[PDB]
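Two forms of the same protein chain are encoded below as structure tokens; each is given separately, as structure 1 and structure 2.
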Structure 1
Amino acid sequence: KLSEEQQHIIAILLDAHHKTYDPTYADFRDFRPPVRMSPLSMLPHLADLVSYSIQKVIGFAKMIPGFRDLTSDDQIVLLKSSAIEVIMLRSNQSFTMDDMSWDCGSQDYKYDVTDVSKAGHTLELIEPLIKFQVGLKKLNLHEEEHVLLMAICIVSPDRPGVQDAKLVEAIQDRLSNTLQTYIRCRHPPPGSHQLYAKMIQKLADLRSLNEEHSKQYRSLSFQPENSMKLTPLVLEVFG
């Protein structure tokens, strides 16, 4: 049975997400205009989006039950390492299998392989990233399941530099158990089948995607011509 405490967690995470995720995408107007023409032409616009998207992932993280208990240094570690992965997870909403792109309501804000390529990331990242989006889409998660996964991704005990791992591990265990119990009670078969395992496999895919991004991000960022075009927050969080 799904406890009251467990049900409470889901209510909070759903709200948290609704406050941090705007399906209308109205704020993209604020970003530096996209350019599809031109090397790195998409970089300024996406750089802004990512920074915006980081800020929103931070706001989501804060509302996670038990996140506030951690030390700041631990708080910071978890965000720094999770941020890209959580962004990749969030983007599933905008992502459509119709044309393998992130569709944010308009051609200007619809993003494809080419646009990501124009932002200075290679296909070594993108093909496996796109494959992830398809595979996560294919799961057709309940919005309840989606928000829990993102939260589970942020509070991971094995992130490097975590002081108080046992607490981080306890916070996460509590969310895993909420997801696991949710799937049983509220996800009917056949969608239920192996669903928890398949979700954790996505965390595994994300670790790898994180790796590759870091690698490609260091290559972008070492050229100061490029670092100039990014936002200061993006510099802070990615390095």
Structure 2
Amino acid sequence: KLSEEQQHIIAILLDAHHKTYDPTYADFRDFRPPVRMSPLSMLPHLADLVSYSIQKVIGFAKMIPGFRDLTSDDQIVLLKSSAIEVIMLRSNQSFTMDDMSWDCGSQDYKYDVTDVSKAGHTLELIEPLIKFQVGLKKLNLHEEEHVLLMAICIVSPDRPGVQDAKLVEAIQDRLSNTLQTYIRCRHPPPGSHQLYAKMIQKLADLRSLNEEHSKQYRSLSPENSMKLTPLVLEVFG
């Protein structure tokens, strides 16, 4: 069912994820500490978490077959546009349904709606993010699907600034066909079609979430910017 090339793609993506996601979360101890009582007391800790996560996303992207073959400029636009979406996706691994929080192994490293708001984010923007996480979690995806979706998310031809959209499209299509084939090996029709249609809808949701926060963001006018990291400043503009 899966050709050797499709299997080779998945093997590479699984290994990329395993190298870039540490489920012990030990590195969190080196962040500025979380502070819950200011007023943005969680912003240093959460800014470090985002900065760290951007680095992991870069790591992952560099292992995506053909990504490195793109021009540097196209690699840069793809990552600047996709980074927050991939972080939202990858974060589903820590997300817990019972508490509606991201549980990273300890009470201190367990993040809820109030903690995110203490990082300077609006409740109106956070609610769809939680909703997203719940819906994703309910799909109960295999790790093979999870890493392929992350990859598909990164390599999208329809991101602004992409010069070589055909080449970017050729990579995503190989990833997409691999994903479709994977699902079909796990499920006959029509369940296969329904599950794929759901993943596609989740990518559109992520995109709408990105566009809504960046709309807000681009429509904002130092005290908080000072607390961000150099890499976050660069990536988020």
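Shifts are known only where both forms have a C-alpha. Residues are numbered by position in structure 1's sequence, first residue being 1. For clarity, a rigid core is taken as the largest C-alpha set superposing within 1.5 Å between two forms.
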{"item": "Of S192, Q55, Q180, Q201, the one whose Cα moves 2 Å or more between the two structures after core superposition", "value": "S192"}
{"item": "After fitting the core, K229 CA displacement of 2 Å or more between the two structures", "value": "no"}
{"item": "C-alpha of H18 off by 2 Å or more between the two structures on rigid core", "value": "no"}
{"item": "Core-aligned Cα shift of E212 between the two structures, given in Å", "value": "2.1"}
{"item": "Once the two forms are fitted on their core, CA shift of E124 between the two structures in Å", "value": "1.6"}
{"item": "Shifted regions of at least three residues between the two structures, judged by C-alpha displacement of 2 Å or more after core alignment", "value": "186-193, 215-221"}
